[PDB]
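Peer 1: I'm passing along my_file.txt; it holds compact mmCIF, N, CA and C atoms.
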```txt
# COMPACT_ATOMS: atom_id res chain seq x y z
N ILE A 402 11.68 -4.07 -3.70
CA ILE A 402 13.04 -3.68 -4.06
C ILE A 402 13.81 -4.83 -4.70
N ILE A 403 13.57 -6.06 -4.27
CA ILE A 403 14.27 -7.21 -4.83
C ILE A 403 14.08 -7.25 -6.34
N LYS A 404 12.84 -7.08 -6.79
CA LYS A 404 12.59 -7.04 -8.23
C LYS A 404 13.20 -5.80 -8.87
N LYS A 405 13.32 -4.71 -8.11
CA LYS A 405 13.92 -3.48 -8.62
C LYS A 405 13.26 -3.03 -9.92
N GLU A 406 11.94 -3.17 -9.99
CA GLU A 406 11.13 -2.89 -11.17
C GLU A 406 11.30 -3.98 -12.23
N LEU A 407 11.89 -5.12 -11.89
CA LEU A 407 11.89 -6.27 -12.78
C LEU A 407 10.65 -7.15 -12.60
N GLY A 408 9.79 -6.82 -11.64
CA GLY A 408 8.52 -7.50 -11.47
C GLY A 408 7.38 -6.60 -11.86
N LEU A 409 7.52 -5.31 -11.57
CA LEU A 409 6.64 -4.27 -12.08
C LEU A 409 7.35 -3.57 -13.24
N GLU A 410 6.76 -2.49 -13.73
CA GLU A 410 7.34 -1.70 -14.81
C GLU A 410 7.56 -0.27 -14.34
N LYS A 411 8.51 0.41 -14.98
CA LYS A 411 8.84 1.77 -14.60
C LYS A 411 7.58 2.63 -14.50
N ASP A 412 7.44 3.32 -13.37
CA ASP A 412 6.23 4.09 -13.12
C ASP A 412 6.07 5.24 -14.12
N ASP A 413 7.15 5.62 -14.81
CA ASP A 413 7.15 6.69 -15.80
C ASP A 413 6.90 8.06 -15.20
N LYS A 414 6.80 8.16 -13.87
CA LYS A 414 6.63 9.47 -13.24
C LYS A 414 7.82 10.36 -13.53
N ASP A 415 9.03 9.82 -13.42
CA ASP A 415 10.21 10.54 -13.87
C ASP A 415 10.20 10.75 -15.37
N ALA A 416 9.63 9.79 -16.12
CA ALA A 416 9.56 9.92 -17.57
C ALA A 416 8.65 11.06 -17.98
N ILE A 417 7.84 11.59 -17.05
CA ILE A 417 6.97 12.72 -17.37
C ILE A 417 7.80 13.91 -17.81
N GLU A 418 8.97 14.10 -17.19
CA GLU A 418 9.88 15.16 -17.60
C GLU A 418 10.11 15.12 -19.11
N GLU A 419 10.70 14.03 -19.59
CA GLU A 419 11.02 13.92 -21.01
C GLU A 419 9.76 13.91 -21.87
N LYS A 420 8.68 13.30 -21.38
CA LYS A 420 7.43 13.30 -22.13
C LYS A 420 6.98 14.72 -22.43
N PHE A 421 6.93 15.57 -21.41
CA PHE A 421 6.53 16.95 -21.61
C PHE A 421 7.55 17.70 -22.46
N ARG A 422 8.84 17.48 -22.22
CA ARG A 422 9.85 18.21 -22.98
C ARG A 422 9.74 17.92 -24.47
N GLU A 423 9.66 16.63 -24.84
CA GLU A 423 9.46 16.28 -26.24
C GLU A 423 8.11 16.79 -26.74
N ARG A 424 7.11 16.81 -25.86
CA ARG A 424 5.83 17.43 -26.19
C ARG A 424 5.99 18.93 -26.42
N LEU A 425 7.12 19.51 -26.01
CA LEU A 425 7.43 20.91 -26.25
C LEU A 425 8.70 21.13 -27.07
N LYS A 426 9.56 20.12 -27.20
CA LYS A 426 10.86 20.33 -27.85
C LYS A 426 10.71 20.95 -29.23
N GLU A 427 9.66 20.59 -29.96
CA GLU A 427 9.52 20.96 -31.36
C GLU A 427 9.05 22.40 -31.56
N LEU A 428 8.74 23.12 -30.49
CA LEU A 428 8.13 24.44 -30.59
C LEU A 428 9.19 25.53 -30.46
N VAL A 429 9.29 26.38 -31.48
CA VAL A 429 10.08 27.60 -31.35
C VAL A 429 9.38 28.51 -30.35
N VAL A 430 10.07 28.83 -29.26
CA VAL A 430 9.39 29.33 -28.07
C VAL A 430 10.21 30.44 -27.43
N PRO A 431 9.58 31.40 -26.72
CA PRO A 431 10.36 32.40 -25.98
C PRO A 431 11.16 31.77 -24.84
N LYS A 432 11.93 32.58 -24.12
CA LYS A 432 12.83 32.08 -23.09
C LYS A 432 12.25 32.11 -21.68
N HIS A 433 11.56 33.18 -21.30
CA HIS A 433 10.96 33.23 -19.97
C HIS A 433 10.12 31.99 -19.70
N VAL A 434 9.36 31.55 -20.70
CA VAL A 434 8.51 30.38 -20.52
C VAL A 434 9.36 29.14 -20.29
N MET A 435 10.52 29.04 -20.94
CA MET A 435 11.42 27.92 -20.67
C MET A 435 11.89 27.90 -19.22
N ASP A 436 12.27 29.05 -18.66
CA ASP A 436 12.74 29.03 -17.28
C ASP A 436 11.59 28.71 -16.32
N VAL A 437 10.39 29.22 -16.61
CA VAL A 437 9.24 28.84 -15.80
C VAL A 437 8.99 27.33 -15.89
N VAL A 438 9.12 26.78 -17.10
CA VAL A 438 8.95 25.34 -17.30
C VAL A 438 9.98 24.57 -16.49
N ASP A 439 11.23 25.04 -16.50
CA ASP A 439 12.28 24.37 -15.76
C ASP A 439 12.01 24.41 -14.26
N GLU A 440 11.54 25.55 -13.76
CA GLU A 440 11.20 25.63 -12.34
C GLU A 440 10.07 24.67 -11.99
N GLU A 441 9.04 24.61 -12.85
CA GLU A 441 7.94 23.68 -12.60
C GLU A 441 8.43 22.23 -12.64
N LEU A 442 9.33 21.92 -13.57
CA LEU A 442 9.89 20.57 -13.65
C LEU A 442 10.70 20.23 -12.40
N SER A 443 11.48 21.19 -11.90
CA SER A 443 12.23 20.96 -10.67
C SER A 443 11.29 20.72 -9.50
N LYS A 444 10.21 21.50 -9.41
CA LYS A 444 9.23 21.27 -8.36
C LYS A 444 8.60 19.89 -8.49
N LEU A 445 8.27 19.49 -9.72
CA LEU A 445 7.74 18.15 -9.95
C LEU A 445 8.70 17.09 -9.44
N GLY A 446 9.99 17.25 -9.76
CA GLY A 446 10.99 16.32 -9.25
C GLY A 446 11.01 16.29 -7.73
N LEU A 447 10.90 17.45 -7.09
CA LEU A 447 10.87 17.50 -5.63
C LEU A 447 9.54 16.97 -5.09
N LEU A 448 8.43 17.39 -5.69
CA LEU A 448 7.12 17.06 -5.16
C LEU A 448 6.85 15.56 -5.25
N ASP A 449 6.21 15.03 -4.21
CA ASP A 449 5.87 13.61 -4.18
C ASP A 449 4.73 13.32 -5.15
N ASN A 450 4.62 12.04 -5.54
CA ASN A 450 3.64 11.66 -6.54
C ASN A 450 2.21 11.87 -6.04
N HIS A 451 1.94 11.54 -4.78
CA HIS A 451 0.58 11.58 -4.26
C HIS A 451 0.14 12.98 -3.84
N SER A 452 1.03 13.96 -3.82
CA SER A 452 0.69 15.27 -3.29
C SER A 452 -0.36 15.96 -4.15
N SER A 453 -1.30 16.64 -3.48
CA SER A 453 -2.22 17.51 -4.21
C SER A 453 -1.46 18.65 -4.87
N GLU A 454 -0.45 19.20 -4.19
CA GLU A 454 0.44 20.14 -4.84
C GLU A 454 1.00 19.54 -6.13
N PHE A 455 1.41 18.27 -6.07
CA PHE A 455 1.94 17.60 -7.25
C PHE A 455 0.88 17.48 -8.34
N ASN A 456 -0.36 17.16 -7.96
CA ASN A 456 -1.42 17.03 -8.95
C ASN A 456 -1.69 18.36 -9.65
N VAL A 457 -1.75 19.45 -8.88
CA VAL A 457 -1.97 20.76 -9.48
C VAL A 457 -0.78 21.16 -10.34
N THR A 458 0.43 20.81 -9.91
CA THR A 458 1.60 21.06 -10.74
C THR A 458 1.50 20.31 -12.06
N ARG A 459 1.06 19.05 -12.01
CA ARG A 459 0.90 18.26 -13.23
C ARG A 459 -0.13 18.90 -14.15
N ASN A 460 -1.26 19.34 -13.61
CA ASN A 460 -2.29 19.96 -14.44
C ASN A 460 -1.78 21.26 -15.06
N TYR A 461 -1.10 22.09 -14.26
CA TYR A 461 -0.56 23.34 -14.77
C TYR A 461 0.46 23.08 -15.87
N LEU A 462 1.31 22.07 -15.70
CA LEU A 462 2.29 21.75 -16.72
C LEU A 462 1.64 21.16 -17.96
N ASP A 463 0.55 20.41 -17.79
CA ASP A 463 -0.23 19.96 -18.94
C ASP A 463 -0.72 21.15 -19.75
N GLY B 340 13.21 -29.13 -0.94
CA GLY B 340 11.95 -28.51 -1.30
C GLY B 340 11.53 -28.67 -2.74
N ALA B 341 12.19 -29.55 -3.49
CA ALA B 341 11.83 -29.76 -4.89
C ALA B 341 10.47 -30.46 -4.99
N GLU B 342 9.85 -30.32 -6.15
CA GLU B 342 8.52 -30.88 -6.37
C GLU B 342 8.58 -32.41 -6.40
N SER B 343 7.42 -33.03 -6.60
CA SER B 343 7.35 -34.48 -6.67
C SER B 343 8.06 -35.04 -7.89
N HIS B 344 8.28 -34.22 -8.92
CA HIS B 344 8.97 -34.71 -10.12
C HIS B 344 10.41 -35.08 -9.80
N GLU B 345 11.11 -34.23 -9.05
CA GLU B 345 12.49 -34.55 -8.69
C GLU B 345 12.56 -35.78 -7.79
N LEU B 346 11.61 -35.92 -6.87
CA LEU B 346 11.59 -37.10 -6.01
C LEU B 346 11.34 -38.37 -6.83
N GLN B 347 10.41 -38.30 -7.79
CA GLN B 347 10.18 -39.44 -8.67
C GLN B 347 11.42 -39.77 -9.48
N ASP B 348 12.13 -38.74 -9.97
CA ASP B 348 13.36 -38.99 -10.72
C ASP B 348 14.42 -39.64 -9.83
N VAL B 349 14.51 -39.20 -8.57
CA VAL B 349 15.44 -39.82 -7.63
C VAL B 349 15.08 -41.29 -7.45
N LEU B 350 13.79 -41.59 -7.34
CA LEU B 350 13.36 -42.98 -7.27
C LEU B 350 13.76 -43.74 -8.53
N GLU B 351 13.63 -43.10 -9.69
CA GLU B 351 13.95 -43.76 -10.96
C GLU B 351 15.41 -44.15 -11.04
N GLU B 352 16.29 -43.45 -10.31
CA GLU B 352 17.71 -43.74 -10.37
C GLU B 352 18.00 -45.08 -9.71
N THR B 353 18.12 -46.13 -10.52
CA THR B 353 18.31 -47.48 -9.99
C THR B 353 19.62 -47.60 -9.23
N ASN B 354 20.72 -47.20 -9.85
CA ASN B 354 22.03 -47.36 -9.22
C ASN B 354 22.17 -46.40 -8.04
N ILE B 355 22.71 -46.92 -6.93
CA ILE B 355 22.86 -46.10 -5.73
C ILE B 355 23.72 -44.88 -6.01
N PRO B 356 24.86 -44.97 -6.71
CA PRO B 356 25.62 -43.75 -6.99
C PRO B 356 24.81 -42.70 -7.72
N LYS B 357 23.97 -43.11 -8.68
CA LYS B 357 23.21 -42.14 -9.46
C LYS B 357 22.19 -41.41 -8.59
N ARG B 358 21.42 -42.16 -7.79
CA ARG B 358 20.43 -41.52 -6.94
C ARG B 358 21.09 -40.66 -5.87
N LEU B 359 22.20 -41.13 -5.30
CA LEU B 359 22.90 -40.33 -4.30
C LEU B 359 23.42 -39.03 -4.90
N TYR B 360 23.98 -39.09 -6.11
CA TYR B 360 24.47 -37.88 -6.76
C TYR B 360 23.32 -36.95 -7.11
N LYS B 361 22.18 -37.50 -7.55
CA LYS B 361 21.02 -36.66 -7.82
C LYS B 361 20.53 -35.98 -6.55
N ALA B 362 20.51 -36.71 -5.44
CA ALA B 362 20.09 -36.12 -4.17
C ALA B 362 21.05 -35.01 -3.74
N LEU B 363 22.36 -35.23 -3.91
CA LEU B 363 23.32 -34.19 -3.55
C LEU B 363 23.18 -32.97 -4.46
N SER B 364 22.94 -33.19 -5.75
CA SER B 364 22.73 -32.08 -6.67
C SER B 364 21.48 -31.29 -6.30
N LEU B 365 20.42 -31.99 -5.90
CA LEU B 365 19.21 -31.31 -5.47
C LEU B 365 19.43 -30.56 -4.16
N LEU B 366 20.25 -31.11 -3.26
CA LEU B 366 20.63 -30.37 -2.06
C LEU B 366 21.38 -29.10 -2.43
N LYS B 367 22.27 -29.18 -3.42
CA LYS B 367 22.96 -27.99 -3.90
C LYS B 367 21.98 -26.98 -4.46
N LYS B 368 20.99 -27.45 -5.23
CA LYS B 368 19.97 -26.56 -5.77
C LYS B 368 19.20 -25.87 -4.65
N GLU B 369 18.80 -26.64 -3.63
CA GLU B 369 18.07 -26.06 -2.51
C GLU B 369 18.92 -25.01 -1.80
N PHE B 370 20.19 -25.34 -1.53
CA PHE B 370 21.05 -24.41 -0.83
C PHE B 370 21.26 -23.14 -1.64
N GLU B 371 21.44 -23.27 -2.96
CA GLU B 371 21.69 -22.09 -3.78
C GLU B 371 20.44 -21.23 -3.93
N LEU B 372 19.27 -21.85 -4.04
CA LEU B 372 18.03 -21.08 -4.08
C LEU B 372 17.82 -20.33 -2.77
N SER B 373 18.01 -21.03 -1.64
CA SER B 373 17.92 -20.37 -0.35
C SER B 373 18.97 -19.28 -0.21
N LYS B 374 20.14 -19.48 -0.81
CA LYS B 374 21.18 -18.46 -0.79
C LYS B 374 20.75 -17.22 -1.57
N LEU B 375 20.12 -17.42 -2.73
CA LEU B 375 19.60 -16.28 -3.48
C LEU B 375 18.57 -15.52 -2.67
N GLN B 376 17.64 -16.26 -2.05
CA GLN B 376 16.62 -15.60 -1.24
C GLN B 376 17.24 -14.86 -0.07
N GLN B 377 18.21 -15.48 0.61
CA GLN B 377 18.85 -14.84 1.75
C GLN B 377 19.63 -13.60 1.33
N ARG B 378 20.37 -13.69 0.22
CA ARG B 378 21.13 -12.54 -0.25
C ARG B 378 20.21 -11.39 -0.60
N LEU B 379 19.12 -11.67 -1.32
CA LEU B 379 18.18 -10.61 -1.67
C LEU B 379 17.54 -10.01 -0.42
N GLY B 380 17.13 -10.86 0.52
CA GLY B 380 16.52 -10.36 1.74
C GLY B 380 17.46 -9.49 2.55
N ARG B 381 18.70 -9.95 2.72
CA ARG B 381 19.69 -9.16 3.45
C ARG B 381 19.98 -7.85 2.73
N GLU B 382 20.09 -7.91 1.40
CA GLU B 382 20.35 -6.70 0.63
C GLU B 382 19.26 -5.66 0.88
N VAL B 383 18.00 -6.06 0.71
CA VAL B 383 16.92 -5.09 0.90
C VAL B 383 16.77 -4.70 2.37
N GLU B 384 17.10 -5.59 3.30
CA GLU B 384 17.06 -5.23 4.71
C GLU B 384 18.06 -4.12 5.01
N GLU B 385 19.29 -4.27 4.51
CA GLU B 385 20.28 -3.21 4.69
C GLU B 385 19.85 -1.94 3.96
N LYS B 386 19.24 -2.08 2.78
CA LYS B 386 18.80 -0.90 2.05
C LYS B 386 17.71 -0.14 2.81
N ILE B 387 16.74 -0.85 3.39
CA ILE B 387 15.68 -0.17 4.13
C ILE B 387 16.23 0.41 5.43
N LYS B 388 17.12 -0.31 6.10
CA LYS B 388 17.76 0.24 7.29
C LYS B 388 18.53 1.51 6.95
N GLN B 389 19.19 1.52 5.79
CA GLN B 389 19.90 2.72 5.34
C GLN B 389 18.93 3.83 4.95
N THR B 390 17.76 3.48 4.41
CA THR B 390 16.75 4.49 4.13
C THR B 390 16.31 5.18 5.41
N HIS B 391 16.08 4.41 6.47
CA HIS B 391 15.76 5.03 7.76
C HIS B 391 16.96 5.79 8.32
N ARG B 392 18.17 5.25 8.13
CA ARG B 392 19.37 5.93 8.58
C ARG B 392 19.54 7.28 7.88
N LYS B 393 19.03 7.41 6.66
CA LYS B 393 19.03 8.72 6.01
C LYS B 393 18.21 9.72 6.81
N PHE B 394 17.03 9.30 7.27
CA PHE B 394 16.23 10.18 8.13
C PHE B 394 16.94 10.43 9.45
N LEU B 395 17.67 9.44 9.96
CA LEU B 395 18.44 9.64 11.18
C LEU B 395 19.51 10.71 10.98
N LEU B 396 20.20 10.67 9.84
CA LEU B 396 21.16 11.71 9.50
C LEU B 396 20.47 13.06 9.39
N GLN B 397 19.29 13.09 8.79
CA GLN B 397 18.52 14.33 8.72
C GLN B 397 18.26 14.88 10.11
N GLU B 398 17.77 14.04 11.01
CA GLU B 398 17.45 14.49 12.37
C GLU B 398 18.71 14.95 13.10
N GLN B 399 19.83 14.26 12.89
CA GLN B 399 21.09 14.71 13.47
C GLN B 399 21.45 16.10 12.97
N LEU B 400 21.28 16.33 11.67
CA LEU B 400 21.53 17.66 11.12
C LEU B 400 20.60 18.69 11.74
N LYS B 401 19.34 18.32 11.98
CA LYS B 401 18.40 19.25 12.61
C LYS B 401 18.83 19.58 14.04
```
Would you mind writing the structure in this file as C-alpha cells?

Peer 2:
Amino acid sequence: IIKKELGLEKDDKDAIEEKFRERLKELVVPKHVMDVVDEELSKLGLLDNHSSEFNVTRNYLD
Amino acid sequence: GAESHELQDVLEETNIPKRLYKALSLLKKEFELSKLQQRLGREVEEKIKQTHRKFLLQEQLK
C-alpha cells in the first residue's frame, strides 16, 4: 500500500472494462446485447480476480 | 545510518564547526527518513485496521 502501485504497475483488471468496451465501441450493435454486456461488466466488477466464476465471466465476455 | 561516504566526508571536515554542522545535518536526514518510514507505516496500519473495521461494520449489520 505504501507504494500505492508506485512500485508495481496498475493490474489493469479494472482496465479490462474499457479494453473490452473499446474492443466493442466501434461496432454498430443491437441493444439487448449492450444490456447483457453491462450486466456481465457489473458482475466482473463485483467478482474477485481469482474466482473461477470470474474466469468463466472473462471467457464469456471475450 | 548513512553509508561510509558520509562518515568519510565528516572526517574530511577539518574545521570543528563544519564537521559538527555536517553531523547535525546528517542527524536531520536520519530523523526525516525515519519520519517518512514511520508516517507511511502508520498510514498503512490505520488503513488495514480500517479495512478490517469495514468487515466489523458488515458483521454489525448482520

Peer 1: Residues of chain B within 10 Å of chain A: nearest atom pair and distance (Å, one decimal) for each, counting only C-alpha atoms, sorted by chain and number, as a tab-separated table?

Peer 2:
```
residue	atom	partner	partner_atom	distance
B:376	CA	A:403	CA	9.4
B:378	CA	A:403	CA	9.8
B:379	CA	A:403	CA	6.1
B:380	CA	A:403	CA	7.6
B:382	CA	A:403	CA	8.2
B:383	CA	A:402	CA	6.5
B:384	CA	A:402	CA	9.8
B:386	CA	A:402	CA	8.8
B:387	CA	A:402	CA	9.3
```

Peer 1: If you count only N, CA and C atoms, which residues fall within 8 Å of stretch 448-463 of chain A, apart from same-chain ones fewer than 5 positions away, as a PyMOL selection string?

Peer 2: chain A and resi 414+421+438+441-443

Peer 1: If I take atom N of residue B:366 and atom C of residue B:348, how far is one from the other in Å, to one decimal?

Peer 2: 12.2 Å

Peer 1: Rounded to one decimal, what separation in Å do you get between atom CA of residue B:350 and atom C of residue B:375?

Peer 2: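 Taking atom CA of residue B:350 as the start and atom C of residue B:375 as the end point, the length is 28.3 Å.
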
Peer 1: Rounded to one decimal, what separation in Å do you get between atom C of residue A:420 and atom N of residue A:439?

Peer 2: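 Interatomic distance here is 12.6 Å.
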
Peer 1: Since the input has fewer atoms than a full residue there, write stretch 366-379 of chain B out with N, CA, C and O atoms, as an mmCIF file, in the coordinates of the input.

Peer 2:
```
data_model
loop_
_atom_site.group_PDB
_atom_site.id
_atom_site.type_symbol
_atom_site.label_atom_id
_atom_site.label_comp_id
_atom_site.auth_asym_id
_atom_site.auth_seq_id
_atom_site.Cartn_x
_atom_site.Cartn_y
_atom_site.Cartn_z
ATOM 1 N N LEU B 366 20.250 -31.110 -3.260
ATOM 2 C CA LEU B 366 20.630 -30.370 -2.060
ATOM 3 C C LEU B 366 21.380 -29.100 -2.430
ATOM 4 O O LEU B 366 21.162 -28.041 -1.823
ATOM 5 N N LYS B 367 22.270 -29.180 -3.420
ATOM 6 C CA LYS B 367 22.960 -27.990 -3.900
ATOM 7 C C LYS B 367 21.980 -26.980 -4.460
ATOM 8 O O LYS B 367 22.099 -25.772 -4.219
ATOM 9 N N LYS B 368 20.990 -27.450 -5.230
ATOM 10 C CA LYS B 368 19.970 -26.560 -5.770
ATOM 11 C C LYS B 368 19.200 -25.870 -4.650
ATOM 12 O O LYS B 368 18.960 -24.661 -4.699
ATOM 13 N N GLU B 369 18.800 -26.640 -3.630
ATOM 14 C CA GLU B 369 18.070 -26.060 -2.510
ATOM 15 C C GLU B 369 18.920 -25.010 -1.800
ATOM 16 O O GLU B 369 18.444 -23.913 -1.492
ATOM 17 N N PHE B 370 20.190 -25.340 -1.530
ATOM 18 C CA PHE B 370 21.050 -24.410 -0.830
ATOM 19 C C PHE B 370 21.260 -23.140 -1.640
ATOM 20 O O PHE B 370 21.267 -22.038 -1.085
ATOM 21 N N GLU B 371 21.440 -23.270 -2.960
ATOM 22 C CA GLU B 371 21.690 -22.090 -3.780
ATOM 23 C C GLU B 371 20.440 -21.230 -3.930
ATOM 24 O O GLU B 371 20.531 -19.997 -3.951
ATOM 25 N N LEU B 372 19.270 -21.850 -4.040
ATOM 26 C CA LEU B 372 18.030 -21.080 -4.080
ATOM 27 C C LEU B 372 17.820 -20.330 -2.770
ATOM 28 O O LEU B 372 17.476 -19.141 -2.752
ATOM 29 N N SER B 373 18.010 -21.030 -1.640
ATOM 30 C CA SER B 373 17.920 -20.370 -0.350
ATOM 31 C C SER B 373 18.970 -19.280 -0.210
ATOM 32 O O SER B 373 18.725 -18.262 0.438
ATOM 33 N N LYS B 374 20.140 -19.480 -0.810
ATOM 34 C CA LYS B 374 21.180 -18.460 -0.790
ATOM 35 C C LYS B 374 20.750 -17.220 -1.570
ATOM 36 O O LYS B 374 20.991 -16.097 -1.138
ATOM 37 N N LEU B 375 20.120 -17.420 -2.730
ATOM 38 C CA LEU B 375 19.600 -16.280 -3.480
ATOM 39 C C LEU B 375 18.570 -15.520 -2.670
ATOM 40 O O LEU B 375 18.607 -14.289 -2.574
ATOM 41 N N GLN B 376 17.640 -16.260 -2.050
ATOM 42 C CA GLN B 376 16.620 -15.600 -1.240
ATOM 43 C C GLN B 376 17.240 -14.860 -0.070
ATOM 44 O O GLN B 376 16.858 -13.717 0.225
ATOM 45 N N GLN B 377 18.210 -15.480 0.610
ATOM 46 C CA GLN B 377 18.850 -14.840 1.750
ATOM 47 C C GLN B 377 19.630 -13.600 1.330
ATOM 48 O O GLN B 377 19.592 -12.573 2.009
ATOM 49 N N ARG B 378 20.370 -13.690 0.220
ATOM 50 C CA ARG B 378 21.130 -12.540 -0.250
ATOM 51 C C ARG B 378 20.210 -11.390 -0.600
ATOM 52 O O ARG B 378 20.465 -10.242 -0.221
ATOM 53 N N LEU B 379 19.120 -11.670 -1.320
ATOM 54 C CA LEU B 379 18.180 -10.610 -1.670
ATOM 55 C C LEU B 379 17.540 -10.010 -0.420
ATOM 56 O O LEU B 379 17.405 -8.782 -0.305
#
```
